[PDB]
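This is structure_18.cif (mmCIF, C-alpha atoms (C1' of nucleotides)).
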data_target
loop_
_atom_site.label_atom_id
_atom_site.label_comp_id
_atom_site.auth_asym_id
_atom_site.auth_seq_id
_atom_site.Cartn_x
_atom_site.Cartn_y
_atom_site.Cartn_z
CA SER A 2 46.60 17.87 66.66
CA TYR A 3 49.45 20.15 67.67
CA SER A 4 52.16 22.19 65.90
CA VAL A 5 55.90 21.94 66.65
CA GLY A 6 55.63 25.26 68.53
CA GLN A 7 52.75 24.03 70.67
CA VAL A 8 54.45 20.75 71.59
CA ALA A 9 57.76 22.52 72.06
CA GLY A 10 55.87 24.66 74.60
CA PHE A 11 53.99 21.77 76.30
CA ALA A 12 56.99 19.41 76.64
CA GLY A 13 59.55 22.16 77.18
CA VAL A 14 61.82 20.98 74.36
CA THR A 15 63.21 22.97 71.42
CA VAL A 16 61.51 22.57 68.00
CA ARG A 17 64.88 21.25 66.74
CA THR A 18 64.60 18.40 69.26
CA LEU A 19 61.17 17.60 67.77
CA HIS A 20 62.71 17.65 64.27
CA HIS A 21 65.63 15.45 65.34
CA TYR A 22 63.42 12.80 66.96
CA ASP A 23 61.37 12.76 63.75
CA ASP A 24 64.47 12.34 61.53
CA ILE A 25 65.72 9.57 63.89
CA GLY A 26 62.34 7.82 63.79
CA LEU A 27 61.90 8.11 67.57
CA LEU A 28 58.87 10.38 67.42
CA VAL A 29 57.01 10.87 64.15
CA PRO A 30 53.93 13.16 63.81
CA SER A 31 50.63 11.49 62.87
CA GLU A 32 50.30 13.66 59.72
CA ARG A 33 51.29 17.04 58.31
CA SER A 34 49.25 19.93 56.87
CA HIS A 35 48.56 20.72 53.19
CA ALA A 36 51.63 22.97 53.65
CA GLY A 37 53.70 20.24 55.37
CA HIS A 38 53.70 21.46 59.00
CA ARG A 39 53.77 18.64 61.55
CA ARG A 40 50.78 17.50 63.56
CA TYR A 41 51.33 15.81 66.91
CA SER A 42 48.50 13.92 68.60
CA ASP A 43 47.76 13.20 72.24
CA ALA A 44 49.28 9.74 71.67
CA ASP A 45 52.38 11.61 70.54
CA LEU A 46 52.34 13.81 73.65
CA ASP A 47 52.04 10.80 75.99
CA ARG A 48 54.93 9.24 74.06
CA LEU A 49 57.07 12.36 74.32
CA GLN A 50 56.71 12.31 78.15
CA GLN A 51 58.11 8.79 78.24
CA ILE A 52 60.96 9.73 75.92
CA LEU A 53 61.80 12.76 78.01
CA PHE A 54 61.56 10.64 81.18
CA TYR A 55 64.11 8.08 80.08
CA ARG A 56 66.22 10.79 78.48
CA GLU A 57 66.49 12.54 81.90
CA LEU A 58 67.73 9.29 83.43
CA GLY A 59 70.46 9.21 80.75
CA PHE A 60 69.19 6.57 78.30
CA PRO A 61 70.64 6.88 74.80
CA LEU A 62 68.00 7.45 72.18
CA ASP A 63 68.54 4.03 70.50
CA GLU A 64 67.79 2.34 73.85
CA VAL A 65 64.91 4.68 74.54
CA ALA A 66 63.43 3.54 71.21
CA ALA A 67 63.87 -0.11 72.19
CA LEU A 68 62.44 0.29 75.71
CA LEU A 69 59.36 2.05 74.38
CA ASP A 70 58.70 -0.49 71.57
CA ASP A 71 58.81 -3.87 73.51
CA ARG A 77 51.82 -1.62 80.08
CA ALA A 78 53.56 -1.39 83.53
CA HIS A 79 56.64 0.70 82.68
CA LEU A 80 55.75 2.42 85.95
CA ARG A 81 57.40 -0.44 87.85
CA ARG A 82 60.82 0.15 86.23
CA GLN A 83 60.38 3.93 86.25
CA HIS A 84 59.92 3.80 90.02
CA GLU A 85 62.97 1.53 90.47
CA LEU A 86 65.17 3.86 88.41
CA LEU A 87 64.12 6.96 90.34
CA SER A 88 64.64 5.11 93.63
CA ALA A 89 68.13 3.95 92.61
CA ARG A 90 68.93 7.51 91.60
CA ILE A 91 67.42 9.18 94.68
CA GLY A 92 69.41 6.82 96.87
CA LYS A 93 72.58 7.57 94.89
CA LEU A 94 72.31 11.32 95.37
CA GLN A 95 71.32 10.84 98.98
CA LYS A 96 74.62 9.00 99.42
CA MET A 97 76.46 11.79 97.60
CA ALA A 98 74.67 14.39 99.78
CA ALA A 99 75.49 12.24 102.79
CA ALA A 100 79.19 12.52 101.79
CA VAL A 101 78.75 16.30 101.61
CA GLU A 102 77.39 16.48 105.18
CA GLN A 103 80.45 14.62 106.56
CA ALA A 104 82.72 17.03 104.65
CA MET A 105 80.87 19.94 106.34
CA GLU A 106 81.78 18.38 109.73
CA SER B 2 102.22 10.64 91.08
CA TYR B 3 99.84 8.50 89.06
CA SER B 4 99.59 7.23 85.46
CA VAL B 5 96.53 7.70 83.20
CA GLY B 6 95.67 4.03 83.80
CA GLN B 7 95.84 4.41 87.57
CA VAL B 8 93.69 7.55 87.65
CA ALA B 9 91.34 6.08 85.07
CA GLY B 10 90.93 3.22 87.56
CA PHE B 11 90.60 5.41 90.70
CA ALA B 12 88.11 7.93 89.23
CA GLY B 13 86.31 5.42 87.02
CA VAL B 14 86.79 7.46 83.85
CA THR B 15 88.28 6.38 80.51
CA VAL B 16 91.89 7.38 79.72
CA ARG B 17 90.47 9.31 76.74
CA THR B 18 88.47 11.45 79.19
CA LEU B 19 91.76 12.20 80.99
CA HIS B 20 93.36 13.13 77.65
CA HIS B 21 90.40 15.32 76.66
CA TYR B 22 90.37 17.26 79.94
CA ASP B 23 94.10 17.84 79.46
CA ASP B 24 93.66 19.09 75.86
CA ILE B 25 90.79 21.36 77.05
CA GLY B 26 92.91 22.71 79.91
CA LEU B 27 90.42 21.50 82.54
CA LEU B 28 92.77 19.01 84.18
CA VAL B 29 96.49 19.11 83.40
CA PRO B 30 99.01 16.64 84.94
CA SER B 31 101.71 18.12 87.20
CA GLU B 32 104.50 16.73 84.96
CA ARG B 33 105.25 13.89 82.55
CA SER B 34 107.99 11.22 82.50
CA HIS B 35 111.26 11.24 80.52
CA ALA B 36 109.13 9.29 78.00
CA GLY B 37 106.20 11.74 78.17
CA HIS B 38 103.62 9.72 80.16
CA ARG B 39 101.38 11.86 82.36
CA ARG B 40 101.73 12.17 86.12
CA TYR B 41 98.70 13.08 88.19
CA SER B 42 99.11 14.21 91.80
CA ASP B 43 96.81 13.98 94.79
CA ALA B 44 95.86 17.61 94.12
CA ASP B 45 94.86 16.40 90.66
CA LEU B 46 92.80 13.54 92.13
CA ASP B 47 90.94 15.88 94.52
CA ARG B 48 90.30 18.14 91.52
CA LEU B 49 89.03 15.30 89.37
CA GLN B 50 86.41 14.42 92.05
CA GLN B 51 85.05 17.95 91.88
CA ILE B 52 85.00 17.89 88.08
CA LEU B 53 83.21 14.55 88.07
CA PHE B 54 80.78 15.84 90.72
CA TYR B 55 79.65 18.84 88.73
CA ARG B 56 79.73 16.82 85.53
CA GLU B 57 77.20 14.36 87.07
CA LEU B 58 74.89 17.28 87.85
CA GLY B 59 75.08 18.27 84.16
CA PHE B 60 77.46 21.26 84.19
CA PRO B 61 79.14 21.93 80.84
CA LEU B 62 82.89 21.71 81.04
CA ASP B 63 83.42 25.47 80.39
CA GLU B 64 81.24 26.24 83.43
CA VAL B 65 82.88 23.51 85.47
CA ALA B 66 86.21 25.23 84.75
CA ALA B 67 84.80 28.58 85.88
CA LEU B 68 83.17 27.22 89.06
CA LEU B 69 86.38 25.49 90.11
CA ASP B 70 88.63 28.53 89.43
CA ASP B 71 86.75 31.36 91.36
CA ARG B 77 86.72 26.91 100.14
CA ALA B 78 83.03 26.06 100.96
CA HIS B 79 81.85 24.56 97.65
CA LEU B 80 80.19 22.05 99.95
CA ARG B 81 77.38 24.55 100.58
CA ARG B 82 76.39 24.71 96.88
CA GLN B 83 77.07 21.02 96.34
CA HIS B 84 74.56 20.21 99.07
CA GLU B 85 71.97 22.62 97.62
CA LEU B 86 72.30 21.08 94.15
CA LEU B 87 71.88 17.53 95.41
CA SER B 88 68.90 18.61 97.52
CA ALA B 89 67.23 20.34 94.55
CA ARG B 90 67.84 17.22 92.49
CA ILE B 91 66.72 14.73 95.15
CA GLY B 92 63.52 16.71 95.59
CA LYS B 93 62.99 16.79 91.82
CA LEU B 94 63.21 13.01 91.45
CA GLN B 95 61.12 12.53 94.55
CA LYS B 96 58.42 14.57 92.80
CA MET B 97 58.87 12.49 89.65
CA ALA B 98 58.70 9.27 91.73
CA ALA B 99 55.68 10.73 93.51
CA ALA B 100 54.02 11.10 90.07
CA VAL B 101 54.85 7.44 89.40
CA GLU B 102 53.11 6.29 92.61
CA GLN B 103 49.86 8.09 91.62
CA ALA B 104 50.05 6.44 88.18
CA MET B 105 50.32 3.04 89.93
CA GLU B 106 47.03 3.86 91.74
"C1'" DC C 1 55.22 35.32 63.21
"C1'" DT C 2 55.95 30.19 62.89
"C1'" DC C 3 56.43 26.79 59.63
"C1'" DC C 4 59.95 24.48 56.39
"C1'" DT C 5 64.14 21.66 54.58
"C1'" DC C 6 69.23 21.31 53.74
"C1'" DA C 7 73.55 21.50 55.79
"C1'" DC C 8 77.56 22.67 58.53
"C1'" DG C 9 78.91 23.45 63.56
"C1'" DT C 10 79.54 21.70 68.40
"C1'" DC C 11 80.48 19.54 72.60
"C1'" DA C 12 82.44 15.45 74.99
"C1'" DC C 13 84.28 12.46 74.13
"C1'" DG C 14 85.15 7.09 71.24
"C1'" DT C 15 87.96 4.63 68.40
"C1'" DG C 16 91.17 2.95 65.56
"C1'" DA C 17 96.13 4.23 63.12
"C1'" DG C 18 101.03 3.68 63.84
"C1'" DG C 19 104.87 4.25 66.77
"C1'" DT C 20 107.53 4.09 71.63
"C1'" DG C 21 110.23 1.03 76.37
"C1'" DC D 1 100.97 -4.50 78.43
"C1'" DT D 2 100.18 0.61 78.88
"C1'" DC D 3 101.93 4.71 77.28
"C1'" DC D 4 101.77 8.08 73.17
"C1'" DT D 5 100.05 11.67 69.58
"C1'" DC D 6 97.28 12.75 65.35
"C1'" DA D 7 92.93 12.55 63.37
"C1'" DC D 8 88.37 11.21 61.83
"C1'" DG D 9 83.82 9.43 63.80
"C1'" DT D 10 79.62 10.05 66.77
"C1'" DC D 11 75.64 11.26 69.20
"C1'" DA D 12 72.13 14.86 70.18
"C1'" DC D 13 71.24 18.16 68.98
"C1'" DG D 14 72.24 24.11 67.77
"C1'" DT D 15 72.24 27.45 64.48
"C1'" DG D 16 72.06 30.08 60.71
"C1'" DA D 17 70.73 29.94 55.19
"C1'" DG D 18 66.91 30.82 52.12
"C1'" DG D 19 62.26 30.00 50.96
"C1'" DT D 20 56.87 29.31 52.07
"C1'" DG D 21 51.24 31.45 53.74
#

Please lay out the structure from this file as C-alpha cells.
Amino acid sequence: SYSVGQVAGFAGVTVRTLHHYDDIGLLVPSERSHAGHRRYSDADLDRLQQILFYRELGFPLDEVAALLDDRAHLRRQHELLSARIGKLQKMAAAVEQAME
Amino acid sequence: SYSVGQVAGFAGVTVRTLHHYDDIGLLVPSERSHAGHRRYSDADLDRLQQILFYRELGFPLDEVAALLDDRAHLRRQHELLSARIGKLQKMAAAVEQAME
DNA sequence: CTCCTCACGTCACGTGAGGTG
DNA sequence: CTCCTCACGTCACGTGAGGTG
C-alpha cells in the first residue's frame, strides 16, 4: 500500500491530481490509515497508468472512466498511438517541405 | 479579409476560440466592419497556423505569445515533432511487448 | 516533513442571454 | 443566417488556509 507522496513520485503526477481523481471517483484508494491518509494498491497503480495513458492522448476524464469500466485494451492503445504517430509524421513532413 | 465564420472554417476552430484569442491579445483582427464584425487577413491566417501548431504540442497561450513575438521556427518545430514522435513510438513499443 | 480537508483561483475556452443588418 | 458583446459555467486541476502525528 502506498501514500499519496509515493504514488505521486511513481506516476509523476501531483498529489492534488491524486486527490482530484479520488473526489471525481476516477481513482479511489483501497483504504486509508487510522489517521485518514490514503493507501494505494498495486491494482491502483496499474489503473493509474491506464488513466495517465488515455489522458496523454487527450481523453476527458468522464470518457476515461467509461473506457476503463466496460482485457485487450492494448489493441486500441496501439491504434491510437499509430494514428497519432502518423499525424505528427505528416506534420513533420510539412515542416521538411517548408525547410526546402 | 475574412469573417470569424470563414476563419473558424479554414482553421477548424470555434468562433469563441477566435474571440478568446482576441480578448487575450494573442490574435487580433486587422480591422472590423462599419458594423464591428472582425476582419482577419492572410497574415492573421499564417499566424493562426503557428498558434494552433504550438497549441497542439501543449504550449500555454502565454508562452505561445512569447515564442511567436521574439524566421526559422521550422527548426524548433521539427525538433518538437521528432521528440514527440519518438515518445509515442516508445509508448507504442511498450504496447507491442504487452501484446507478447 | 507529509498527511489532511475546505475553498477560492485559473486557464481556455463553452454556452446561453439579448440585441444588431 | 452570422455577426455582436456581456457574463456566468466548466473542466482539471493549482494553491494557499489552518489543523493533525

How would you write, as JSON, numbers by chain, the residues chosen by the PyMOL selection byres ((chain D and resi 9) around 8) on this structure?
{"C": [14, 15], "D": [8, 10]}

Present chain A as a tab-separated table (two decimals) with C-alpha atoms, keeping the file's coordinate frame, least-squares fitted onto chain B over all of its C-alpha atoms paired in order.
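The resulting file, result_0.tsv, is reproduced below:
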chain	number	residue	atom	x	y	z
A	2	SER	CA	102.22	10.64	91.08
A	3	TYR	CA	99.84	8.51	89.06
A	4	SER	CA	99.58	7.24	85.46
A	5	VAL	CA	96.53	7.70	83.20
A	6	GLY	CA	95.67	4.03	83.80
A	7	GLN	CA	95.84	4.41	87.57
A	8	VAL	CA	93.69	7.55	87.65
A	9	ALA	CA	91.34	6.08	85.07
A	10	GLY	CA	90.93	3.22	87.56
A	11	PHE	CA	90.59	5.41	90.70
A	12	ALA	CA	88.11	7.93	89.23
A	13	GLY	CA	86.31	5.42	87.02
A	14	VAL	CA	86.79	7.46	83.85
A	15	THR	CA	88.27	6.38	80.51
A	16	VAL	CA	91.90	7.38	79.72
A	17	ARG	CA	90.47	9.31	76.74
A	18	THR	CA	88.48	11.45	79.19
A	19	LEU	CA	91.76	12.20	80.99
A	20	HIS	CA	93.36	13.13	77.64
A	21	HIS	CA	90.40	15.32	76.66
A	22	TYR	CA	90.37	17.27	79.93
A	23	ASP	CA	94.10	17.84	79.46
A	24	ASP	CA	93.67	19.09	75.86
A	25	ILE	CA	90.79	21.35	77.05
A	26	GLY	CA	92.91	22.71	79.91
A	27	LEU	CA	90.42	21.50	82.54
A	28	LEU	CA	92.77	19.01	84.17
A	29	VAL	CA	96.48	19.10	83.39
A	30	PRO	CA	99.01	16.64	84.94
A	31	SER	CA	101.71	18.12	87.20
A	32	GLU	CA	104.50	16.73	84.96
A	33	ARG	CA	105.26	13.89	82.55
A	34	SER	CA	107.98	11.22	82.50
A	35	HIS	CA	111.26	11.24	80.52
A	36	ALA	CA	109.13	9.29	78.00
A	37	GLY	CA	106.20	11.74	78.17
A	38	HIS	CA	103.63	9.72	80.16
A	39	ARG	CA	101.38	11.86	82.36
A	40	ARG	CA	101.74	12.17	86.11
A	41	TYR	CA	98.70	13.08	88.19
A	42	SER	CA	99.11	14.21	91.80
A	43	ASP	CA	96.81	13.98	94.80
A	44	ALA	CA	95.86	17.62	94.12
A	45	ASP	CA	94.86	16.40	90.67
A	46	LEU	CA	92.80	13.55	92.13
A	47	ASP	CA	90.94	15.88	94.52
A	48	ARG	CA	90.30	18.14	91.53
A	49	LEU	CA	89.03	15.30	89.37
A	50	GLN	CA	86.41	14.41	92.04
A	51	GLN	CA	85.05	17.94	91.88
A	52	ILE	CA	85.00	17.88	88.09
A	53	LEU	CA	83.21	14.56	88.06
A	54	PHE	CA	80.78	15.84	90.72
A	55	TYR	CA	79.65	18.84	88.73
A	56	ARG	CA	79.73	16.82	85.53
A	57	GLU	CA	77.20	14.36	87.06
A	58	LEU	CA	74.90	17.28	87.85
A	59	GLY	CA	75.08	18.27	84.16
A	60	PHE	CA	77.46	21.26	84.19
A	61	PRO	CA	79.14	21.93	80.85
A	62	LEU	CA	82.89	21.71	81.04
A	63	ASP	CA	83.42	25.47	80.39
A	64	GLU	CA	81.24	26.24	83.44
A	65	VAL	CA	82.88	23.51	85.46
A	66	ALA	CA	86.21	25.23	84.75
A	67	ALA	CA	84.80	28.57	85.89
A	68	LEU	CA	83.17	27.21	89.06
A	69	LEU	CA	86.38	25.49	90.11
A	70	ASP	CA	88.63	28.53	89.43
A	71	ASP	CA	86.75	31.36	91.36
A	77	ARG	CA	86.72	26.90	100.14
A	78	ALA	CA	83.03	26.06	100.95
A	79	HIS	CA	81.85	24.57	97.64
A	80	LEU	CA	80.19	22.05	99.95
A	81	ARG	CA	77.38	24.55	100.58
A	82	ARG	CA	76.39	24.72	96.88
A	83	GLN	CA	77.07	21.01	96.34
A	84	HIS	CA	74.56	20.21	99.07
A	85	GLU	CA	71.97	22.63	97.62
A	86	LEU	CA	72.30	21.09	94.14
A	87	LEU	CA	71.89	17.53	95.41
A	88	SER	CA	68.90	18.61	97.51
A	89	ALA	CA	67.23	20.34	94.55
A	90	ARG	CA	67.83	17.22	92.49
A	91	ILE	CA	66.72	14.73	95.15
A	92	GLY	CA	63.52	16.71	95.59
A	93	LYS	CA	62.99	16.78	91.82
A	94	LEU	CA	63.21	13.02	91.45
A	95	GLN	CA	61.12	12.53	94.56
A	96	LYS	CA	58.42	14.56	92.80
A	97	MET	CA	58.86	12.49	89.65
A	98	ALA	CA	58.70	9.27	91.73
A	99	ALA	CA	55.69	10.74	93.51
A	100	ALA	CA	54.02	11.10	90.07
A	101	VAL	CA	54.85	7.44	89.40
A	102	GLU	CA	53.11	6.29	92.60
A	103	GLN	CA	49.86	8.09	91.62
A	104	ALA	CA	50.05	6.45	88.18
A	105	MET	CA	50.32	3.04	89.93
A	106	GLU	CA	47.03	3.86	91.74

Identify all chain D residues at most 12 Å from chain A by counting all atoms listed in the file; ligands do not count. Present them as a PyMOL selection string.
chain D and resi 11-15+20-21

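Selection by the PyMOL selection byres ((chain B) within 6 of (chain A)) on the present file picks out residues 84, 91 and 98 of chain B.
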
Between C1' of residue 18 in chain D and CA of residue 34 in chain A, distance in Å (one decimal):
21.3 Å

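The space separating CA of residue 35 in chain A from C1' of residue 2 in chain C comes to 15.4 Å.
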
Near residue 3 in chain C, counting all atoms listed in the file, which residues have an atom at most 9 Å away, once you skip same-chain residues fewer than 5 positions from it, shown as a ChimeraX atom specification?
/A:4-5,36-39 /D:20

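One distance worth recording is that between CA of residue 89 in chain A and CA of residue 47 in chain A, which is 24.1 Å.
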
List as JSON, numbers by chain the protein and nucleic acid residues near residue 52 in chain B, meaning an atom at most 12 Å away when only C-alpha atoms (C1' of nucleotides) are counted, but skip any in the same chain fewer than 3 places from it.
{"B": [12, 14, 18, 19, 22, 27, 28, 45, 46, 47, 48, 49, 55, 56, 57, 58, 59, 60, 61, 62, 63, 64, 65, 66, 67, 68, 69, 70, 83]}

Subset file: range 2-20 of chain D, N, CA and C atoms (P, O5', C5', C4', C3', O3' and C1' of nucleotides), as a tab-separated table (two decimals), in the first residue's frame:
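Wrote result.tsv, looks like this:
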chain	number	residue	atom	x	y	z
D	2	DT	P	-24.93	30.33	-39.81
D	2	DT	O5'	-24.26	31.77	-39.78
D	2	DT	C5'	-23.62	32.29	-40.92
D	2	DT	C4'	-23.17	33.69	-40.56
D	2	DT	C3'	-22.15	33.71	-39.42
D	2	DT	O3'	-21.10	34.63	-39.70
D	2	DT	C1'	-23.95	35.11	-38.89
D	3	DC	P	-19.75	34.67	-38.85
D	3	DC	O5'	-19.96	35.94	-37.90
D	3	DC	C5'	-19.76	37.22	-38.49
D	3	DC	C4'	-20.42	38.33	-37.70
D	3	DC	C3'	-20.04	38.45	-36.23
D	3	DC	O3'	-18.73	38.99	-36.06
D	3	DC	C1'	-22.37	38.90	-36.53
D	4	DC	P	-18.02	38.88	-34.63
D	4	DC	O5'	-18.97	39.71	-33.65
D	4	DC	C5'	-19.06	41.13	-33.72
D	4	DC	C4'	-20.09	41.70	-32.75
D	4	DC	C3'	-19.81	41.54	-31.27
D	4	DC	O3'	-18.95	42.57	-30.85
D	4	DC	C1'	-22.12	41.09	-31.69
D	5	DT	P	-17.56	42.30	-30.11
D	5	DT	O5'	-17.86	42.73	-28.60
D	5	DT	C5'	-18.50	43.98	-28.29
D	5	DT	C4'	-19.65	43.85	-27.29
D	5	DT	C3'	-19.21	43.58	-25.85
D	5	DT	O3'	-19.74	44.59	-24.97
D	5	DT	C1'	-20.88	41.99	-26.55
D	6	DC	P	-19.14	44.91	-23.51
D	6	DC	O5'	-18.98	43.46	-22.90
D	6	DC	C5'	-19.15	43.27	-21.54
D	6	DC	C4'	-20.60	42.99	-21.17
D	6	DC	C3'	-20.66	42.25	-19.85
D	6	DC	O3'	-21.77	42.68	-19.11
D	6	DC	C1'	-21.54	40.84	-21.55
D	7	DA	P	-21.71	42.48	-17.53
D	7	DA	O5'	-21.84	40.90	-17.42
D	7	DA	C5'	-23.11	40.29	-17.64
D	7	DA	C4'	-22.94	38.80	-17.47
D	7	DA	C3'	-21.96	38.42	-16.37
D	7	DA	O3'	-22.44	37.32	-15.64
D	7	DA	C1'	-21.37	37.35	-18.30
D	8	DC	P	-21.99	37.20	-14.12
D	8	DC	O5'	-22.86	35.99	-13.54
D	8	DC	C5'	-23.94	35.38	-14.26
D	8	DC	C4'	-23.54	33.99	-14.74
D	8	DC	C3'	-22.76	33.17	-13.71
D	8	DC	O3'	-23.45	31.95	-13.55
D	8	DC	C1'	-21.73	33.04	-15.80
D	9	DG	P	-22.76	30.66	-12.91
D	9	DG	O5'	-22.33	29.89	-14.24
D	9	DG	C5'	-23.33	29.23	-15.04
D	9	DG	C4'	-22.71	28.07	-15.79
D	9	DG	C3'	-22.08	26.99	-14.90
D	9	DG	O3'	-22.30	25.70	-15.45
D	9	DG	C1'	-20.42	27.96	-16.31
D	10	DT	P	-21.69	24.37	-14.78
D	10	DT	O5'	-20.30	24.19	-15.54
D	10	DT	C5'	-20.27	24.00	-16.95
D	10	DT	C4'	-18.95	23.39	-17.39
D	10	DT	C3'	-18.33	22.40	-16.40
D	10	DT	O3'	-17.67	21.31	-17.07
D	10	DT	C1'	-16.86	24.22	-16.75
D	11	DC	P	-18.05	19.76	-16.83
D	11	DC	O5'	-16.67	19.02	-17.14
D	11	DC	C5'	-15.94	19.35	-18.31
D	11	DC	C4'	-14.50	19.70	-17.95
D	11	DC	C3'	-13.83	18.79	-16.92
D	11	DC	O3'	-12.74	18.17	-17.61
D	11	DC	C1'	-13.24	21.04	-16.59
D	12	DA	P	-12.06	16.77	-17.22
D	12	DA	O5'	-10.69	17.28	-16.55
D	12	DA	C5'	-9.74	18.05	-17.30
D	12	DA	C4'	-8.58	18.57	-16.45
D	12	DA	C3'	-8.11	17.68	-15.30
D	12	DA	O3'	-6.69	17.83	-15.05
D	12	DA	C1'	-8.80	19.70	-14.42
D	13	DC	P	-5.84	16.63	-14.42
D	13	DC	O5'	-6.28	16.69	-12.88
D	13	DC	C5'	-5.49	17.38	-11.89
D	13	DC	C4'	-5.45	18.89	-12.11
D	13	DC	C3'	-4.63	19.70	-11.10
D	13	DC	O3'	-3.39	20.12	-11.64
D	13	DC	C1'	-6.71	20.77	-11.68
D	14	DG	P	-2.12	20.40	-10.69
D	14	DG	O5'	-2.34	21.92	-10.29
D	14	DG	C5'	-2.30	22.95	-11.28
D	14	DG	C4'	-2.14	24.30	-10.59
D	14	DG	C3'	-1.12	24.34	-9.46
D	14	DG	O3'	-0.54	25.63	-9.54
D	14	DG	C1'	-3.25	24.79	-8.53
D	15	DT	P	0.63	26.15	-8.58
D	15	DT	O5'	-0.20	26.67	-7.31
D	15	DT	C5'	-0.98	27.87	-7.38
D	15	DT	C4'	-1.54	28.26	-6.03
D	15	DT	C3'	-0.58	28.07	-4.85
D	15	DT	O3'	-0.60	29.22	-4.00
D	15	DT	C1'	-2.61	26.97	-4.43
D	16	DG	P	0.75	29.81	-3.39
D	16	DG	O5'	0.86	28.95	-2.05
D	16	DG	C5'	0.67	29.56	-0.78
D	16	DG	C4'	-0.77	30.00	-0.54
D	16	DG	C3'	-1.10	30.03	0.96
D	16	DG	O3'	-1.83	31.20	1.31
D	16	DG	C1'	-2.72	28.73	-0.18
D	17	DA	P	-2.56	31.31	2.73
D	17	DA	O5'	-4.03	30.70	2.47
D	17	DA	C5'	-5.24	31.35	2.90
D	17	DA	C4'	-5.94	30.58	4.01
D	17	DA	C3'	-5.27	30.66	5.39
D	17	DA	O3'	-6.25	30.88	6.43
D	17	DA	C1'	-5.52	28.40	4.75
D	18	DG	P	-5.85	31.37	7.91
D	18	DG	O5'	-5.75	29.99	8.70
D	18	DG	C5'	-6.94	29.31	9.10
D	18	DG	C4'	-6.63	27.91	9.61
D	18	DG	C3'	-5.63	27.82	10.77
D	18	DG	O3'	-6.39	27.65	12.00
D	18	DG	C1'	-5.31	26.08	9.14
D	19	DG	P	-6.08	26.60	13.17
D	19	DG	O5'	-6.58	25.22	12.53
D	19	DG	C5'	-7.20	24.20	13.32
D	19	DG	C4'	-6.61	22.85	12.98
D	19	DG	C3'	-5.51	22.37	13.94
D	19	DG	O3'	-6.01	21.38	14.87
D	19	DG	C1'	-5.04	21.89	11.60
D	20	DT	P	-5.09	20.24	15.53
D	20	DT	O5'	-5.19	19.04	14.48
D	20	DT	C5'	-5.65	17.74	14.86
D	20	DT	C4'	-4.98	16.68	14.01
D	20	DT	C3'	-3.88	15.89	14.72
D	20	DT	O3'	-4.26	14.52	14.85
D	20	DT	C1'	-3.13	16.78	12.58
